[PDB]
């Protein structure tokens, strides 16, 4: 049976979301690519380069016009006529718009594509802009996080393939399944928060007993994600479990809400 065509493009980014994707434990990324979708264009993994890659891009968006999913990693810069990010000699934004026009729906992977992430932090030298500010006529599913959880990425993929539909979303376009609740509302250290049992400085007796990281600047109370339930890397850990407060990395403008070590207001 034919597999659903997927075009994956990259703007200004660090590639962590692509890296997170291939960490998937179930299904393995190998099995997603071989059996679940047809990953028809992807700069990180494809054999073809240059004019050969351009030919694949053109061929796929033409042949499957209206029928492919567009995955976007990173974002377009509006500064310097878009030439902070250049693809085939032209502004990345042109490639974004062309790919978006033929897509049935768009997945905005990561805080970059969803909101802006680090390049959009003050003073945003390139005028990096999230996808939904440029593409205004297409369904966009935001999957934020820096990067999002590997098995969250693959679970969203398998949901769409299995149920033949987009996941239901909150008012910001995030899948309710994984972004409906706060880190702090499923945090295994919540008992300590409620008891007033806090780490006060690194490696103190409190830290060695796994006490709450609130006074160390944990942004769990204002951050929506699955990290404290689904956890990371096949359920091995998450930021808080390994001793560091949540940075807020799934939330819009998290880089610019004061120091990571200042308390939630």
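Numbering follows the first chain given and starts at 1.
Between the stretches 227-235 and 65-73, it is 65-73 that shows the larger average CA temperature factor. Between 120-128 and 146-154, the higher mean Cα B-factor belongs to 120-128. As recorded in the PDB entry, 195 shows the highest C-alpha B-factor of the residues 107, 96, 86, 195. When the C-alpha B-factors of 177, 183, 161, 112 are read from the PDB record, the largest value belongs to 161. Per the deposited record, the Cα B-factor of residue 34 falls in the highest third when ranked against the other modelled residues of its chain. Ranked by Cα temperature factor within the chain, residue 19 sits in the lowest third according to the deposited record. When all modelled residues of the chain are sorted by CA temperature factor, residue 7 is found within the lowest third. Ranked by Cα temperature factor within the chain, residue 206 sits in the highest third according to the deposited record. In the deposited entry, the Cα temperature factor of residue 56 places it in the middle third of its chain's modelled residues.
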